[PDB]
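# model this:
(2 chains)
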Amino acid sequence: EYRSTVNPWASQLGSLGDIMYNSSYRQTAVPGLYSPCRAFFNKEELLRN
Amino acid sequence: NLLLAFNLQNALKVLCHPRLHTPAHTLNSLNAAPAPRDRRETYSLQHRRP
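Numbering: from 1, shown residues only, chains lettered A, B, ... in the order given. Below, you will see the structure:
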């Protein structure tokens, strides 16, 4: 409760930790390869539940 | 078991309130006291203009 975040380069509405791993910015991405963070920043993964 | 950090920054939610910088309730509770002190002082209270 005493600080906002520890990583202000990966926890904003749009940032580095978002643009590498948002499907909303992975439009030009390949549909094949797996990444570890794709379940950590996909909004449709965290909000369908 | 997370290690939270209570510095002074959280205590500003209390210490920066005007209720801690008023003497008014303190003063009238001293005025409603049944016993004031017997050993009074008079030396450097108020400045007399010469």
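# run a quick neighbour tally on residue A:15.
Neighbour count for residue A:15, taken as other CB atoms under 10 Å in any protein chain shown: 14. Where C-beta positions appear, they are placed from N, C-alpha and C, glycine not excepted.
# endpoints of stretch B:22-35, how far apart?
Chord length of stretch B:22-35, first to last residue, is 23 Å (CA to CA, to the nearest Å).
# check contacts around residue A:45.
Counting by CB atoms under 8 Å, 6 or more residues apart in numbering or on different chains, residue A:45 touches A:38-39.
# would you mind measuring from it to chain B?
Distance of residue A:45 to chain B, given as CB to the nearest CB, to the nearest Å: 25 Å.
# what are the buried residues along the helix or strand harbouring that residue?
Using DSSP states H and E, residue A:45 maps to helix A:43-47. Neighbour counts over helix A:43-47 (16 or more other CB atoms under 10 Å in any protein chain shown) mark no residue as buried.
# tell me the gap between that helix and the middle of its chain.
The chain centre lies 10 Å from the centre of helix A:43-47; the measure is CA atoms, centre = their mean, to the nearest Å.
# need the residues of chain B near chain A, please.
Taking CB under 8 Å from any CB of the partner chain as the contact definition, chain B meets chain A at B:4-7, B:9-10.
# for residue A:32, state which of these is nearest.
Nearest to residue A:32 out of the residues of chain B next to chain A is residue B:4 (CB to CB; 42.9 Å).
# separation between residue A:29 and residue A:38?
10 Å (CB to CB, to the nearest Å).
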